[PDB]
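Take a look at the structure below.
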Amino acid sequence: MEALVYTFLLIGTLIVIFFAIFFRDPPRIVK
Amino acid sequence: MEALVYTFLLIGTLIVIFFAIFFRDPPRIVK
Amino acid sequence: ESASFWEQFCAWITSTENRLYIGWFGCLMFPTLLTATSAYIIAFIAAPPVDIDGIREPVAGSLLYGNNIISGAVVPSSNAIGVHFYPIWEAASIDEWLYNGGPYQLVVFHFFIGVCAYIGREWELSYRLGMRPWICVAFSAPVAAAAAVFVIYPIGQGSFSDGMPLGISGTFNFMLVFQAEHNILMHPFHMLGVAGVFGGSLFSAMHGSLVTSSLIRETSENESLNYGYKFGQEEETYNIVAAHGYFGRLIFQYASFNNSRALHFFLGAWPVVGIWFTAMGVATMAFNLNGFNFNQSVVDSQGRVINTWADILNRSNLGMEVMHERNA
Amino acid sequence: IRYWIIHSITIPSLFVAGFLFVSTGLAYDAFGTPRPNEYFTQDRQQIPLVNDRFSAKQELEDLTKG
Amino acid sequence: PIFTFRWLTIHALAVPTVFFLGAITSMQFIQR
Amino acid sequence: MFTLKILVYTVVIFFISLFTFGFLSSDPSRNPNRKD
Amino acid sequence: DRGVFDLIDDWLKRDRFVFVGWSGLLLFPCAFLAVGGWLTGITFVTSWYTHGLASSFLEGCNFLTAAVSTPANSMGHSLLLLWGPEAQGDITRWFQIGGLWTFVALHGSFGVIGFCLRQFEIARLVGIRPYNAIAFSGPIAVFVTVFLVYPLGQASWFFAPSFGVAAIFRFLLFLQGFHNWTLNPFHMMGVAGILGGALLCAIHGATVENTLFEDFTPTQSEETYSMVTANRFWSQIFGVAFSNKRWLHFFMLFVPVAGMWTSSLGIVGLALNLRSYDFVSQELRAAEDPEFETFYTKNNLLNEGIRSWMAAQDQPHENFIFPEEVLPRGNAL
Amino acid sequence: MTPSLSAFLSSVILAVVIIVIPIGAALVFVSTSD
Amino acid sequence: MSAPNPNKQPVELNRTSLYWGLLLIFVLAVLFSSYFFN
Amino acid sequence: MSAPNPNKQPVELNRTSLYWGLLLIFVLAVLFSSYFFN
Amino acid sequence: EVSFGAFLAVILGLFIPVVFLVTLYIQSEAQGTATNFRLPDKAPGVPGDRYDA
Amino acid sequence: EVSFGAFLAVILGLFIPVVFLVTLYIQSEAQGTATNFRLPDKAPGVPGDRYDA
Amino acid sequence: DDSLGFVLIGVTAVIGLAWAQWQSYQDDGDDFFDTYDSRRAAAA
Amino acid sequence: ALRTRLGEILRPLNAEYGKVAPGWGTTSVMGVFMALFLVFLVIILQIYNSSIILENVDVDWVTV
Ligand SMILES: C=Cc1c(C)c2cc3nc(c4c5[nH]c(cc6nc(cc1[nH]2)C(C)=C6CC)c(C)c5C(=O)[C@@H]4C(=O)OC)[C@@H](CCC(=O)OC/C=C(\C)CCC[C@H](C)CCC[C@H](C)CCCC(C)C)[C@@H]3C
Ligand SMILES: CC(C)=CCC/C(C)=C/CC/C(C)=C/CC/C(C)=C/CC/C(C)=C/CC/C(C)=C/CC/C(C)=C/CC/C(C)=C/CC/C(C)=C/CC1=CC(=O)C(C)=C(C)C1=O
Ligand SMILES: CCCCCCCCCCCCCCCC(=O)OC[C@H](COP(=O)(O)OC[C@@H](O)CO)OC(=O)CCCCCCCCCCCCCCC
Ligand SMILES: CC1=C(/C=C/C(C)=C/C=C/C(C)=C/C=C/C=C(C)/C=C/C=C(C)/C=C/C2=C(C)CCCC2(C)C)C(C)(C)CCC1
Ligand SMILES: [Fe+2]
């Protein structure tokens with residue numbers, strides 16, 4: 001049960017990292 | 001701790017009822 | 001007249017329009033780092049215990065075999081292997097490969113190739129963007145430290161079992177055993193490394209507080225001040241003369257790094273040189289060039305030894321050493 | 001130049017004063033630091049440690065005597 | 001002699017430093 | 001297994017040759033300050 | 001200006017070779033005494049009667065091994081005043097019982113209070129926000145917890161760190177062996193902040209130097225490096241990049257300072273021996289199953305080796321006569 | 001009046017007499033002079 | 001194509017619907033907690 | 001007095017701050033889960 | 001015999017839909033559509049005026 | 001022995017702040033304030049213009 | 001395959017012919033006097 | 001603003017906003033009380049610390 005929680009936490013962290021990289025706020029240069 | 005969960009659920013239901021009565025959407029008559 | 005396939009491939013590889021720059025160094029970096037990442041995740045979640053000591057007493061390192069995230073590790077290769085090349089095809093079975101610590105060798109070699117290619121990729125993107133190419137030199141210091149901790153210390157000690165385990169508690173175990181065997185705390189290069197890391201944190205907090213202190217008012221009340229800076233603006237976002245005057249009055253009349261160029265060079269240079277020196281200290285201690293030995297340095301008139309703090313440190317080192325040398 | 005000629009005499013005077021403070025053994029008596037011949041005595045072969053708080057002054061005197 | 005701050009402050013550091021430096025030099029000639 | 005060794009060898013040589021022939025494909029020209 | 005307070009205020013804030021201010025009345029004597037007291041201790045004062053150690057230049061120590069050692073364990077948490085009931089005005093007995101340690105620690109405590117007040121005072125004089133004072137609260141929290149709060153929870157001042165290089169090295173291995181301080185999650189957050197602060201110092205200094213504009217004049221209204229180029233570089237190298245200069249510099253403040261504050265909370269727990277020593281489920285598993293072994297269980301064996309082999313000499317006030325059979329060994333395990 | 005109490009009273013008197021008062025008098029003198 | 005999607009629509013939940021949902025979830029938890037626990 | 005309060009202010013959280021918060025909470029859970037479970 | 005899985009069923013079976021309803025209402029308040037005492041949509045994506053207005 | 005209260009500490013210690021951050025971001029998107037690439041407020045309660053119009 | 005050198009030879013040949021096809025329409029026969037060659041014949 | 005029965009009662013207690021004593025006021029008396037408080041706090045700290053040992057005061061657990 002504990003190993004399932006550890007795996008879920010690590011995979012969720014990697015999912016958050018993936019979303020922070022590829023679905024980030026697009027940088028716009030001020031005009 | 002089962003009775004604690006039962007009490008928490010019942011008190012939360014009563015809190016929801018209180019908020020639904022006194023913090024409801026105020027009815028406005030259309031003009 | 002049609003473009004060759006190699007021309008399109010070279011145009012796509014070195015394209016600056018990709019979300020992540022690939023480059024020719026990335027052609028080595030991405031498959032090696034993705035190989036080591038998946039292998040590390042699989043070996044961390046589920047892997048049978050590795051007989052690291054070589055005497056049929058295995059060490060569990062995976063989550064499925066009863067340890068948590070803190071105690072979980074990819075255990076180093078077996079002492080029977082030493083510095084022998086141990087790929088997955090040179091083992092009789094997958095069970096024997098996992099029993100001898102093969103995942104450690106696979107992950108470590110792919111990771112080392114990946115970080116060297118990461119250095120090259122940083123240079124490559126700096127070249128395609130038309131900027132100065134010395135960020136890779138700054139990244140060469142943690143890469144040197146990782147090389148000394150994963151490859152070079154096993155080379156000097158003659159076994160990949162002496163490399164740092166790929167885990168948290170394994171890292172602490174490596175630190176304790178290294179202190180017991182080499183007295184890294186009394187090594188001048190580790191002192192330079194601690195000075196570099198402590199000073200880098202000091203200078204980072206100092207520079208950040210100095211810039212944050214003198215931000216020019218551009219937002220309304222209780223609004224976040226970060227909206228006062230516009231991405232791509234030309235004007236300075238903070239009052240440099242006010243921060244310089246504060247730093248000058250803080251220690252002595254003229255001490256502010258008035259030129260921001262040398263200030264930022266100092267910021268980039270201090271922890272990089274410190275980490276370089278601590279990496280070279282760890283690498284030189286692999287060949288038994290240990291730290292300072294100030295043992296029994298104070299004696300009385302009759303020859304009796306008066307202990308110092310180095311003697312208490314030596315007693316701690318001796319305790320760790322006798323608990324590590326399992327039937328030497 | 002007037003302050004240089006007085007620094008030419010006071011700096012050697014202060015350096016000599018520090019030199020003689022150690023070479024005459026006055027530093028050992030002032031700070032309680034034992035000389036190399038008095039770390040241990042004939043009647044005390046063990047490390048002299050203070051075991052009581054409020055009798056520390058007396059305990060040090062009845063142990064460092066001689 | 002007496003400046004407002006400077007003379008007292010720099011002599012508060014220079015006077016013990018030279019005295020200590022003479023004391024450190026004398027320690028190098030102690031045989032133990 | 002020999003087949004796994006063959007596949008790993010050809011994958012490694014493929015990526016290394018990609019790196020090598022890519023850096024031979026007039027790499028210093030691929031910079032924004034290129035003189036036309 | 002108007003009254004006698006105003007002339008003193010004007011004189012203290014006058015632009016001279018070193019700023020004094022009102023905080024200088026507390027900072028300058030306390031900091032000079034703490035540093036001067038430390039230099040006195042490492043040169044002349046011994047630790048023979050408190051620790052059974054030689055720790056001064058007079059006894060043959062070098063800069064790495066000299067220290068101002070902590071008071072004797074019999075002193076307890078006494079303030080060890082020179083006029084106190086322990087020394088009774090005798091400065092020689094005061095040096096021998098470790099009163100110089102409490103001198104350096106207490107005057108150093110009011111020294112760092114005066115320096116943080118100095119940061120507040122100059123920020124108000126110049127007219128900037130007091131973020132350097134908030135950033136210095138990190139080192140204040142580390143100094144207060146390690147040198148004051150940790151011995152105050154322990155038996156005496158004896159178990160505090162001694163003001164020395166090798167003495168600090170003992171304190172690192174002492175807290176590892178006795179508290180398993182590396183396994184504490186608060187120290188881990190501290191390592192992340194301190195190593196992250198060194199990373200942020202290195203990566204920001206290299207980025208500014210390498211995204212520089214082809215032209216630092218002190219009165220430069222324009223920025224000297226390209227933030228757009230720097231953002232583009234790290235977005236393609238690392239995946240994410242800074243785009244706000246103000247957020248980038250608050251982050252350079254936040255990461256090392258939060259590391260100091262997180263590790264200080266764990267030291268407070270270590271003062272009361274509320275340590276993260278063991279994982280109970282892993283300790284119970286290794287007890288029933290001797291074949292079970294992880295890197296955490298191997299570390300607890302090294303902690304036992306640290307404790308039993310140093311305790312005889314690290315804590316000489318207690319006798320601690322340990323025969324060779326009870327001394328833990330990997331050989332006879 | 002125990003010796004520790006007398007020592008504390010002497011310490012308070014001493015601190016006021018040779019630390020607080022001389023520094024305050026010097027500050028007043030240099031503030032009116034300058 | 002990464003054009004602005006014209007089918008994007010805002011989502012609405014008034015306070016009455018929020019109260020109805022909260023009451024439904026709390027009452028369902030009250031009803032099913034005894035059965036889950038046993 | 002059941003009047004429109006002038007001190008009411010909108011609250012913002014941009015996507016970068018959301019990602020920082022999610023990373024902080026997930027990493028804190030990863031770090032402290034082993035200690036809570038044992 | 002406190003059933004560990006049953007506690008999560010009660011807690012998460014209550015927390016997750018309550019969270020979803022609360023999140024939906026709060027963003028509805030930000031858009032000005034969290035009341036039923038308002039006119040139908042003037043245009044696509046444009047809520048009508050409230051009855052009090 | 002699975003520590004029952006430890007499971008709730010990990011779950012609720014992760015779920016509740018994640019919920020709070022997600023709810024704050026979603027209502028921020030409804031108000032058009034969920035981007036840092038916009039100008040500061042032109043008026044109290046009126047968010048500034050985005051950098052790309 | 002059998003002696004493991006055919007895997008080496010075969011793969012660098014395949015990528016080598018792709019590189020040679022790109023190299024064929026490069027007008028690099030003339031020698032330049034510069035720090036680096038800025039001439040790259042991009043067909044499309 | 002709403003006027004209530006309790007609000008009218010408490011109205012003179014909140015009716016002196018910004019009222020100050022001119023100049024330094026009673027700051028000299030306040031500094032004396034601060035100095036006496038500092039000495040008092042040091043006394044009870046040193047009694048607890050056993051740096052001041054009184055005549056019939058023993059800092060240890062007492063009976064009854
Ligand atoms: C071991 C590491 C370490 C040291 C030595 C150190 C030292 C210093 N940092 C300062 C500042 C800072 N440090 C900061 C952040 C950080 N500092 C860090 C780590 C360190 N910082 C870290 C990790 C951070 C990140 C959060 C900031 C934000 C500042 C400043 O603003 C300030 C500055 O201006 O720097 C430019 C200066 C304080 C000057 C002062 O108080 O004078 C007055 C002198 C006093 C108070 C005497 C202190 C007496 C001490 C407490 C006890 C005695 C110690 C002995 C004299 C020496 C003992 C040595 C042995 C232990 C080996 C000083 C140069
Ligand atoms: C199966 C699996 C996955 C197994 C893995 C098992 C395992 C080992 C799990 C790991 C667990 C884990 C993550 C442990 C860590 C836990 C831990 C200690 C957490 C710390 C938590 C915490 C609250 C600490 C407090 C201290 C603190 C705030 C630290 C934060 C550190 C931190 C994030 C620092 C930043 C690091 C970093 C890489 C920054 C680079 C930023 C960057 C891109 C700048 C580049 C840049 C520079 C410029 O100059 C300019 C101009 C621009 C424009 C620009 O861009
Ligand atoms: C990982 C998996 C995640 C799963 C999460 C699950 C989320 C599911 C939650 C949705 C269900 C709840 C939403 C209800 C929210 C809701 O009900 O809103 C009331 C809603 C109002 O309709 P309108 O079209 O007026 O609403 C306009 C909008 O404001 C609605 O969004 O009407 C309905 O949705 C029709 C169904 C009536 C249903 C009436 C149910 C009441 C039953 C009585 C309650 C019990 C009391 C018993 C006493 C004996
Ligand atoms: C404690 C006490 C006190 C106080 C005192 C004091 C205050 C002192 C001072 C002291 C001092 C103040 C001292 C000083 C010293 C110094 C020194 C000792 C120095 C040295 C130096 C050197 C050694 C150098 C080196 C170097 C470097 C670092 C770098 C470069 C190179 C060179 C080599 C140059 C009193 C009286 C109150 C009483 C009580 C007790
Ligand atoms: Fe900067």
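Chains: A, B, ... in order of the structure tokens. Residues: from 1 per chain. Ligands: from 1, in order shown.
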
(message) I'd like the contact shell of residue A:24 - 10 Å cut-off, only C-alpha atoms, skipping same-chain residues fewer than 4 positions apart - returned as a PyMOL selection string.
(response) (chain A and resi 18-20) or (chain G and resi 239-240) or (chain J and resi 15-16+19)

(message) After least-squares alignment of chain K to chain L over all Cα atoms in order, what RMSD do you get?
(response)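 The fitted C-alpha deviation between chain L and chain K is 0.2 Å.
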
(request) Identify all chain G residues at most 8 Å from chain J by counting only C-alpha atoms; ligands do not count. Present them as a PyMOL selection string. (result) chain G and resi 185+276+279-281

Produce a file of the selected residues containing C-alpha atoms, as an mmCIF file, in the first residue's frame.
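Once everything was written out, this is again_39.cif:
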```
data_model
loop_
_atom_site.group_PDB
_atom_site.id
_atom_site.type_symbol
_atom_site.label_atom_id
_atom_site.label_comp_id
_atom_site.auth_asym_id
_atom_site.auth_seq_id
_atom_site.Cartn_x
_atom_site.Cartn_y
_atom_site.Cartn_z
ATOM 1 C CA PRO G 185 13.584 16.237 6.327
ATOM 2 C CA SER G 276 14.166 11.606 12.731
ATOM 3 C CA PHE G 279 11.909 4.290 10.188
ATOM 4 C CA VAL G 280 10.044 2.041 12.623
ATOM 5 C CA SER G 281 8.577 -0.334 10.021
#
```

(message) Please identify all protein, DNA and RNA residues within 10 Å of ligand 3, counting only C-alpha atoms and all ligand atoms, and report them as a ChimeraX atom specification.
(response) /B:13 /I:11-28,31 /K:12-21,24-25,28,33-36

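These are the residues of chain N assigned alpha helix (DSSP H) by DSSP from backbone coordinates: residues 5, 6, 7, 8, 9, 10, 27, 28, 29, 30, 31, 32, 33, 34, 35, 36, 37, 38, 39, 40, 41, 42, 43, 44, 45, 46, 47 and 48 of chain N.
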
(message) What does the list of residues within 8 Å of ligand 4 look like if you count only C-alpha atoms and all ligand atoms, written as a PyMOL selection string?
(response) (chain E and resi 12-21+24) or (chain G and resi 32-41+43+82+91+100+103-104)

So which residues touch residue H:8 within 9 Å, counting only C-alpha atoms, skipping near sequence neighbours fewer than 6 positions away, as a compact mmCIF listing (two decimals) with C-alpha atoms, in the first residue's frame?
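This went into out.txt:
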```txt
# COMPACT_ATOMS: atom_id res chain seq x y z
CA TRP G 83 31.31 38.21 38.18
CA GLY G 84 29.07 35.14 38.40
CA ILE N 43 17.05 39.47 37.71
CA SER N 51 23.54 33.17 38.48
CA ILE N 52 21.92 35.01 41.39
```
